[PDB]
Novice: 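If you scroll down you'll find the structure; I have some questions about it.
Note on naming: letters A, B, ... go to the chains in the order of the sequence lines (proteins, then strands), and numbering restarts at 1 for each one. Basis for what follows: all heavy atoms, side chains included, without hydrogens, waters or symmetry-related copies. One-based numbering, in listed order, for ligands and for the atoms of each.
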Amino acid sequence: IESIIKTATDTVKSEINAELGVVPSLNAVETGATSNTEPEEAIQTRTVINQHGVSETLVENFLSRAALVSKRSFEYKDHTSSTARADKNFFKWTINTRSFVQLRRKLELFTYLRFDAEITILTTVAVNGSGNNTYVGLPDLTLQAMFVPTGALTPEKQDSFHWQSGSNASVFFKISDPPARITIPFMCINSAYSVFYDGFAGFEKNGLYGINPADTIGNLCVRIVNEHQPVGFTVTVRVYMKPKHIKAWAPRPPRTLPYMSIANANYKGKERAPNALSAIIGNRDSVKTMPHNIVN
Amino acid sequence: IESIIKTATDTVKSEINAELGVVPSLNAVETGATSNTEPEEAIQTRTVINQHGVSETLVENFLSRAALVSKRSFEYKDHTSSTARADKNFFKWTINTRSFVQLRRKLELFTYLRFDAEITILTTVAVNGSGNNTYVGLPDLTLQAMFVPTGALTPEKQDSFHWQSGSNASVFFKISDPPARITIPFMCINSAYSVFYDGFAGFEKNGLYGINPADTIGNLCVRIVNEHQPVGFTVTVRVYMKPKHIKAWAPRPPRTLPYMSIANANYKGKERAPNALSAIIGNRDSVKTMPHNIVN
Amino acid sequence: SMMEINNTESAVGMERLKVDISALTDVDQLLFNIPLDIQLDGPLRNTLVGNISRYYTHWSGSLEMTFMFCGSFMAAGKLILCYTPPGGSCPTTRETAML
Amino acid sequence: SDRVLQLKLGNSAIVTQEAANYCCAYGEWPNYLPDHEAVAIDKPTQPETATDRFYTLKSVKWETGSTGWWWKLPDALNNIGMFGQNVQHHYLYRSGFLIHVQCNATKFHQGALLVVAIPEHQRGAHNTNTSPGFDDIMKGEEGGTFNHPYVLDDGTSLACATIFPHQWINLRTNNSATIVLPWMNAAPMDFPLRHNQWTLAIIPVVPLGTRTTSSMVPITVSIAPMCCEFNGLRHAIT
Amino acid sequence: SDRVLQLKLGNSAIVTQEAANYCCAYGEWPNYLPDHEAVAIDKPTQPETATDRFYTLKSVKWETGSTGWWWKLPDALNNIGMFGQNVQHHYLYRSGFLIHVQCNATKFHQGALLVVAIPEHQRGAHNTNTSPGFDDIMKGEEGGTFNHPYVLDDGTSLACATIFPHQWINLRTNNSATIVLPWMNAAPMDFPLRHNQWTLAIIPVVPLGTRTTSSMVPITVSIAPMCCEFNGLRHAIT
Amino acid sequence: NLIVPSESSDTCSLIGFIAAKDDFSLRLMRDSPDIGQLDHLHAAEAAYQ
Amino acid sequence: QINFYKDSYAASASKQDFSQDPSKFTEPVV
Amino acid sequence: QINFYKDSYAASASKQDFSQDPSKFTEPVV
Ligand SMILES: Cc1cc(CCCOc2c(C)cc(-c3noc(C(F)(F)F)n3)cc2C)on1
Ligand SMILES: Cc1cc(CCCOc2c(C)cc(-c3noc(C(F)(F)F)n3)cc2C)on1
């Protein structure tokens, strides 16, 4: 029965039942169907006109909430003597949604998802305290965020030609400005994203497992447009993503064990319960014990 | 056949073909026409209702994207002892679209272009570190960008009378403000710009080759309205141009060799392939070798 | 537009834009193959379709590959041109390629 | 008995005298790809009776320390009959599956089986950062066993696995389970050799027990491909 | 040229620019078995594009002492592609054949080929009372050569072989021959591994000759099964 | 085989072309990796003099 | 709400889909 | 969209021209 549900269903009054051949409270779990027993059939009920709305559990409302997807700190300074491992006034991030547990677990409640993303970038700056540096003050810098799709070259320096962005989508924003905000469409080459992928990425046997090639996004390169200054600073960029226009398919069991990696669904659990490999739920003394027993 | 195309064409189912006098797969490249063979005529196909849009390849979408056209850094300081070669708190730029490769190559895919330009100016400032200067902080300066058409006099100082701009179009903007933005119309004395010009500019034999006089724009003079201060700064101004209301004629082969100059189409290529003068595409072992062969 | 099928050393300039075929003394012989990777450097890279497509990330649709024979009027031959959907290795024999 | 059912599917057939019902995953039936959802313009091959038929896999022994078994589709059916030949000779396929799990015992036997079809059951490893390898995932007709059926081998819970299309084999009640799975995928077709749409898992939630003479109690699995299509014909690749 | 023709038949295709016509054996076209002529009550499998497509055989060198070549059908196509897989997995088949023979030379070359499809070309041996053996008859994709093309290898005459569906490849005139053979048999279907309905013979009635530079002149054969049906599905038997 | 007479060149040539059909479609515009820039082009700075 | 943008995916969340079919998970039997 | 400017060239990009004639480059013969 497909219908429009805006409120919880009402209750109807019921009377004494004693009829042969009818056993509403008896079910068959083996069929794979949930019990269809009604409260009106198990107890004697009254008429209740239920006015509880159900708009808060809509998948759109459930998932349309900005969540931290990226957070990166780098030093904005003179990087002449820095090693070839630090972010020299810029960084690149391979976009993914598996780095922060809250959004990952919310998204992984479904097998397939189709949505547009709303990207918000929030930048903070702090004055470096290394050595004998003082507060000085916080400069108002300009940052450039460029989206490099798959196959496009990514910048290697803070002043490389790639930043001219002839066709790549870039956003220039100040720290004193509100957080930058854009919208990315549903970029999948399929009709929906694959939250879980029971396959391998390549045509050979050495490809990655569990990552769908169709769901590849690209890179987000963030640089400071300003040239360095006599004193060093630490710039932290946070990227939040909000799904919208969502369609969800095949809900899944929630994850109980802590996440181990962003590349796979590997599990080891906690040392003791709750959420341990051998005991998800915390233990009680026996099946005849309740911990929070009201005693008076 | 001129028509309205919003999606890719659909496929029709086809059956076995064996008919004398009909050879759809046979063509004549010498006529100068592309093969008209259809997939329905080469293989047995099925009916596919194609729903792929084609709005992303529209010339307007393809070219309506802001790209860096100018980038200039100059010292904002006391210029009493500076030589007559540095930008003394101002600069002038002869407008052109051949200085940065991405926009140049995108524009040079057509012989004629007609569009309005959207100009965005983004300014950043840094504290000079020369000598023993400290961070101090970043001042909020006012910049003036004046467009001087051909034949008009350009400023020679940061405080010359030319800056009063009785008739010249000027824009005054702060660094703390959003990037300045204006629109320039289609300024050509012809119906379209000449991306390529197989001619000489003057009536004598010593004129420039490949630059159309009809496409001359003028100069963009950018100054700091503020007077200098006790400490020096470095101001970088970036100018981005976005074509709009575009009309394109006579598409051209894309450039393969790296650009050598903004004044001409001179070429030398890379030392080795790819994109070398003698080998545009990288070499393989033989015509019977594929590099990325799937082996299992 | 022309494919650079002869993208091999010892081919210089225009020589890379044509494939030379001679008379063989064995049957069913392979003449050449074309890597279908536009997104990577290969014969299809410097084509109108390839050049314009390398400005985008996603592509769909069908392609046509035309071959013009440029011998003399009274040179004869028969060739077989084969496209193999992905999944395995490139066929090296006519029996496997005809499938 | 509790219910009777017959499943023809080609030149094969199955009769069950002690069944509960059969499950249609999400209340849907397999169907061929329509023209308004097609992608590949090649004319497909629809073998029908040659491929749409029950294939029976090797049986597994139902012991006391059994943790459960899983078979990935179409990986399990690849290399089996005309369906396997069509998979090997084609680049894309598309098919639903009618799954019948068989297990019988005596009336002095107790035990409960959860038979669940997990869509896109991407597995995880235990106590390691490395991802599962090709040999860990691709087991063929033999399938695999559950390392930790408690978490479904992916860090989730077995208790919530009833959200997926499932049935039970309760020895006290029935001896067979039937699930009808339509085509489940984000794409209209797919390469059969690198991705599994479904995983059939049989998990011993209630262990087998009896106090009469012990006998071998096996579990048999029969999968019938349904509405099979194939595109991209070329040489066999296996 | 003299005539142009294109033959699609599935995901394959052939173009000929120098042809005469094409021959339909006895003026008939391949068709599927009707219900009023069916015998086996099993539902048949009709792969269509998977099996109804051109398969090209190995080429044979056109020399001066060449006596001729023959290929028996479906024996030659058995073990080739999905048609071979369907033949191996099924007990009965039924199919017509579109045969295209290719041979080109220069305008200084002379030679005449008779390309004839003999129905039920039961062969005989020479100078012996023993009948031809299994290995003498079953040659597979490679085919065989004519011991005595004068008598067709059966005690008849090559001069009267034009009574069968045939064409000529006259180098002076054309470089290809096409014959469309319907299902020829006394039974509606047949076992593919023990009986050949057709034999394609290419015989050099006029030998190859030229006075210019010599080159290898091969002859290629492509057979497209048409309206293939298969009954009696079981394990592969090859 | 390729059969030619004695007065014809024994090596012939093929030219290959590729094109897209009406089925073709592209999306997700990016920067082409076929053009780059390591420094300023010649005469580019003269535009400021 | 306002959506002066030319692309339809730039609009805000569409929280007005109140249709549902729980029986596809609760009674997926015949 | 809005374009409260008095000059028409100040408007935004006009991405609604879906007419095309590829045959002027693919079949420029008679
Ligand atoms: C599941 C699932 C969800 C998604 C969507 C994530 C979108 O990722 C981004 C992010 C985080 C930022 C940008 C971005 N940042 O800046 C810019 C711009 F300024 F260049 F426009 N674009 C683009 C994408 C696609 O993909 N798979
Ligand atoms: C091809 C081709 C493309 C073009 C158009 C380029 C437009 O150039 C400019 C630029 C970059 C900036 C200004 C400008 N900067 O500031 C001002 C104002 F503030 F004074 F209004 N105008 C004016 C023009 C014509 O010309 N030929």
Novice: Considering only heavy atoms of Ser170(A), which atoms of ligand 1 have at least one such atom less than 4.0 Å away?
Specialist: 19 (F), 20 (F)
Novice: Do me a favour and list the nearest non-hydrogen protein atom to atom 3 (C) of ligand 2 with residue, atom name and distance?
Specialist: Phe115(B) CZ, 3.3 Å
Novice: For ligand 1, is any non-hydrogen atom under 4.0 Å from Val171(A)'s backbone (N, CA, C, O), its side chain (CB onward), both, or neither?
Specialist: both
Novice: Evaluate the ring planes of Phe62(B) and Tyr55(C), with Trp represented by its six-membered ring, and classify them as parallel (under 30°), tilted (30 to 60°) or perpendicular (over 60°).
Specialist: perpendicular
Novice: More than 12 non-hydrogen atoms from neighbouring residues, nucleotides or ligands closer than 6.0 Å to CZ on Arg181(A), yes or no?
Specialist: no
Novice: By the definition side chain to side chain donor-acceptor pair (under 3.5 Å), identify the one residue from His162(B), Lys157(B), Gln158(B) that meets it with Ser160(B).
Specialist: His162(B)
Novice: If you have a sec, work out which protein heavy atom is nearest atom 5 (C) of ligand 2 and how many Å separate them, to one decimal?
Specialist: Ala117(B) CB, 4.2 Å
Novice: Determine, using ring centers only, whether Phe172(A) and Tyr240(B) are less than 6.0 Å apart.
Specialist: yes
Novice: Using a 4.0 Å cut-off to any heavy atom of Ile182(A), which atoms of ligand 1 qualify?
Specialist: 14 (C), 16 (O), 17 (C), 18 (C), 21 (F), 22 (N)
Novice: Starting from atom 6 (C) of ligand 1, locate the nearest protein heavy atom and write down its residue, its atom name and how far away it is, to 0.1 Å.
Specialist: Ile95(A) CG2, 3.9 Å
Novice: Can you tell me which residue and heavy atom of the protein come closest to atom 15 (N) of ligand 1, and the distance to 0.1 Å?
Specialist: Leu220(A) CD1, 3.0 Å
Novice: From the options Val148(A), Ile119(A), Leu28(F), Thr216(A), select the one whose nearest heavy atom is closest to atom 12 (C) of ligand 1.
Specialist: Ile119(A)
Novice: Going by the closest heavy atom to atom 25 (C) of ligand 1, which one wins out of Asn96(A), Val195(A), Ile217(A)?
Specialist: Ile217(A)
Novice: With heavy atoms of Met146(A) as the reference, note each atom of ligand 1 found under 4.0 Å away.
Specialist: 20 (F)
Novice: Name all residues meeting the side chain to side chain donor-acceptor pair (under 3.5 Å) criterion together with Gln144(A); count only those two or more places apart in sequence or in a different chain, and write none if there are none.
Specialist: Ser170(A), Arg223(A)
Novice: Among protein heavy atoms, which lies nearest atom 20 (F) of ligand 2, and at what distance?
Specialist: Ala169(B) O, 2.2 Å
Novice: Would you check if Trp93(B) and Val69(B) make a side-chain contact, meaning some heavy-atom pair closer than 4.5 Å?
Specialist: yes
Novice: Between the candidates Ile184(A), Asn219(A), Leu143(A), which shows the shortest non-hydrogen contact distance to atom 13 (C) of ligand 1?
Specialist: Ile184(A)
Novice: Verify the neighbour count for atom CZ of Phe186(B): are there more than 12 heavy atoms of other residues, nucleotides or ligands below 6.0 Å?
Specialist: yes
Novice: Please indicate whether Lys174(B) has more than 12 foreign heavy atoms, meaning atoms of other residues, nucleotides or ligands, lying under 6.0 Å from its NZ.
Specialist: no
Novice: Of the protein's non-hydrogen atoms, which lies at the shortest distance from atom 1 (C) of ligand 2, and what is that distance?
Specialist: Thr97(B) OG1, 3.9 Å
